[PDB]
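Note that ligands are numbered from 1 as they come in the structure, with each ligand's atoms numbered from 1 the same way. No hydrogens, no waters, no symmetry mates; every other heavy atom, side chains included, goes into these values. Residues: numbered from 1 along the sequence shown.
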Amino acid sequence: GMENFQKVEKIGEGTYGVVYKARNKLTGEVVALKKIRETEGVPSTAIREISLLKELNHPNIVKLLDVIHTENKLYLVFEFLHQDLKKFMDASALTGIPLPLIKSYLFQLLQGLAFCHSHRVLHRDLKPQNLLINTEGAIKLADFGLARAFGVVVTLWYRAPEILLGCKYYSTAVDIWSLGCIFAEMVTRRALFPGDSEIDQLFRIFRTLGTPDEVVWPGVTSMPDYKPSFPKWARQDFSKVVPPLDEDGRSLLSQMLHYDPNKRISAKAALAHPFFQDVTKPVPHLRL
Ligand SMILES: CC[C@H](CO)Nc1nc(NCc2ccccc2)c2[nH]nc(C(C)C)c2n1
């Protein structure tokens with residue numbers, strides 16, 4: 001079974017298991033092989049969910065090539081891409097990723113999200129580390145719909161405030177928040193909200209966007225982890241938060257970072273925003 005694959009090198013530690021670059025001995029294709037990590041035997045719902053995921057195919061979603069439920073273990077075989085967006089951002093720190101490339105990437109991810117969301121599938125843990133790029137200018141979402149299949153230092157920087165405040169049931173809005181954080185980060189070359197605990201993450205959000213109340217976010221004061229005793233921070237103008245993001249970009253971003261999940265712009269509506277009026281598909285500068 002696994003004898004069909006030859007390890008080439010360790011790619012990294014995923015959320016649900018280790019990932020290796022590998023070669024299929026029969027077909028010669030190079031792939032990304034993931035071993036899913038209480039060992040009793042793969043749960044039936046994990047198997048049905050992942051099998052659902054195999055059929056959710058899109059150019060901006062990393063292809064799930066094979067689900068290998070063998071010997072009471074679970075291996076996932078994925079399409080391989082040569083680099084992730086975190087590494088590419090770090091690589092691009094001195095000059096920044098050119099705006100046209102930022103716009104193209106945001107546009108493509110919004111397409112991927114719109115597609116997943118239209119199928120009622122959430123990502124839940126969007127972050128630069130699981131965004132993957134190739135030499136032809138494509139960007140792809142990895143680990144989509146995995147959270148649902150399996151219910152799990154982890155980064156908090158991209159986590160929506162409703163999650164932080166204890167909301168039990170995520171909506172598609174949590175992915176829009178995350179992507180918004182990543183958008184700002186590509187533009188400014190600085191993480192928007194680099195929290196190192198849940199309360200630090202929350203307080204960093206509060207300090208920038210203002211401490212949320214019933215006016216901006218109805219029902220907020222009733223959430224499991226909301227405290228009347230939260231400090232009261234005033235909101236700051238975005239011109240100060242994300243230069244040199246232009247007026248169209250700042251307008252779109254504001255809509256992606258709305259506190260109330262129900263007011264937060266959808267992936268499909270975001271695609272129609274004037275920010276994408278001049279969108280094009282440039283090629284990244286990659287040296288591997
Ligand atoms: C470890 C999980 C994350 C996202 O799944 N990484 C990560 N990185 C990649 N390539 C970037 C890379 C290439 C060579 C060396 C190091 C990194 C990937 N290609 N295909 C996959 C699937 C498992 C989603 C993948 N995952």
Quiz item: Which of the numbered atoms in ligand 1 are below 4.0 angstrom from a heavy atom of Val19?
Solution: 1 (C), 23 (C)
Self-check item: Carboxylate-amine/guanidinium contact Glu9 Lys21, below 4.0 Å
Solution: no
Quiz item: Would you say the side chains of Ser229 and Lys227 form a donor-acceptor pair under 3.5 Å?
Solution: no
Quiz item: Starting from atom 25 (C) of ligand 1, which protein heavy atom do you reach first, and at what distance in Å?
Solution: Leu132 CD1, 3.3 Å
Quiz prompt | ligand 1-proximal atoms of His82, by part, heavy-atom distance under 4.0 Å | solution = backbone
Quiz item: Would you say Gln83 contacts ligand 1, with heavy atoms under 4.0 Å as the rule?
Solution: yes
Quiz item: Just by distance, with hydrogens left out, do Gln236 and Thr208 show a side-chain donor and acceptor under 3.5 Å apart?
Solution: no
Practice problem: Specify the protein heavy atom at minimum distance from atom 20 (N) of ligand 1: its residue, its atom name, and the distance to 0.1 Å. | Solution: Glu79 O, 2.8 Å
Exercise. Please confirm whether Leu81 comes within less than 3.5 Å of ligand 1 when only nitrogen or oxygen atoms on both sides are compared.
Key: yes
Exercise. With heavy atoms under 4.0 Å as the rule, classify the contact between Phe80 and ligand 1 as side chain, backbone, both or neither.
Key: both
Self-check item: atom 7 (C) of ligand 1 [closest protein heavy-atom partner, distance rounded to 0.1 Å]
Solution: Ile11 CG2, 3.8 Å
Practice problem: Measure across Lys140 and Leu81 and return the closest heavy-atom pair with its distance rounded to 0.1 Å. | Solution: CD-CD2, 3.9 Å
Quiz item: How are the rings of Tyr259 and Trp217 set relative to one another: parallel (under 30°), tilted (30 to 60°) or perpendicular (over 60°)?
Solution: parallel
Quiz item: Going by atom types only, do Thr135 and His82 share a side-chain donor-acceptor pair under 3.5 Å?
Solution: no
Quiz prompt | Side-chain heavy atoms of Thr39 within contact of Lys73, under 4.5 Å | solution = yes
Quiz item: Counting from 1, what ligand 1 atoms have a heavy atom of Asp143 closer than 4.0 Å?
Solution: 5 (O)
Quiz item: Below 6.0 angstrom between ring centroids: does that apply to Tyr158 and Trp177?
Solution: no
Quiz prompt | atom 3 (C) of ligand 1 - nearest protein heavy atom and its distance | solution = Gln129 O, 3.9 Å
Quiz item: Which ligand 1 atoms are under 4.0 Å away from a heavy-atom of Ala142?
Solution: 5 (O), 24 (C)
Self-check item: Taking atom 22 (C) of ligand 1 as the reference point, the nearest protein heavy atom with its distance
Solution: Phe78 CB, 3.6 Å
Self-check item: Interfacing atoms of ligand 1 (cut-off 4.0 Å, heavy-atom, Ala32)
Solution: 19 (N), 20 (N), 21 (C), 22 (C), 23 (C)
Quiz prompt | Under-4.0 Å salt bridge between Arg204 and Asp200 | solution = yes
